[PDB]
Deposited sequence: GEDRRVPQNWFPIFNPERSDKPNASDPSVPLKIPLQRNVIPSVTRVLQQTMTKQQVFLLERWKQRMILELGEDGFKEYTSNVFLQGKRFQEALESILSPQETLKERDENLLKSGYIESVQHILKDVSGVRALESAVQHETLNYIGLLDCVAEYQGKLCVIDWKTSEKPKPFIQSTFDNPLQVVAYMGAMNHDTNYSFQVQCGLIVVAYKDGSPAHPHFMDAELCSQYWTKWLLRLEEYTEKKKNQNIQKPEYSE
């Protein structure tokens, strides 16, 4: 099988990344239990997919109080224009990996790959988004080294929407910053393939 982006990264996390995650996870299993912690991550996953699905109808007061995500992002969508693609599967002919980016559109007049995120903790810094930039630059490198797409994009954009309607954090990445993250991702891709053979 051919690897995917989010799979390559979650298998190549540092020892300190796995420690902080599984320690937080067992603290949640402790306070709540195995029965509901799986229910918490089920809810957590579900809002992230709905939020993306809900904007997909926008680019083209709910029952749960997760309605703050889109209100959080309206000051972002006021600068999103010229939408060229949404939810695209991306092939990489050379480095052999696949992905599924959220959308491709112009943000503040600059064409970039946008990746929407939901989070309950604020992420003012791109360092707070962990491996999110590598996920974005992996999507652009794939789509750019692809048979199925007419254009090539250079910049990326992470947006972190919050459930309480707070102003979402746009983390724009210009051409040079994407280039550095890309070689970081280029590494990450190789520790995975070197872990297979």
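Of the deposited sequence, positions 1-38, 99-106, 244-254 lack any modelled C-alpha atom.
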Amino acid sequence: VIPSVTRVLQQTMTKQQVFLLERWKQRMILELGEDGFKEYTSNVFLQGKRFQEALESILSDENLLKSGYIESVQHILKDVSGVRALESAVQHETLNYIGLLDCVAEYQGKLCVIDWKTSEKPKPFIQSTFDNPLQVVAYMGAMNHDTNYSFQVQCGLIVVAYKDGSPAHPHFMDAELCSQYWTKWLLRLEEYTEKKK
From here on, numbers count along this sequence of modelled residues.
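Looking at 143-151 and 43-51 together, the entry lists the larger mean B-factor for 143-151, computed on C-alpha atoms. For the pair 181-189 and 13-21, the mean Cα B-factor is higher in 13-21.
Per the PDB entry, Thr94 shows the highest C-alpha temperature factor of the residues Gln127, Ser119, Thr94, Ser72.
Of all the options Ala168, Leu157, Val137, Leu32, the entry's greatest CA B-factor is assigned to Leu32. Ranked within its chain, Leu65 lands in the highest third, by CA B factor from the PDB record. Ranked by Cα temperature factor within the chain, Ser57 sits in the highest third according to the deposited record. Split the chain's modelled residues into thirds by C-alpha temperature factor. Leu111 is in the middle one. When the modelled residues of the chain are ordered by C-alpha B-factor, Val83 sits in the highest third.
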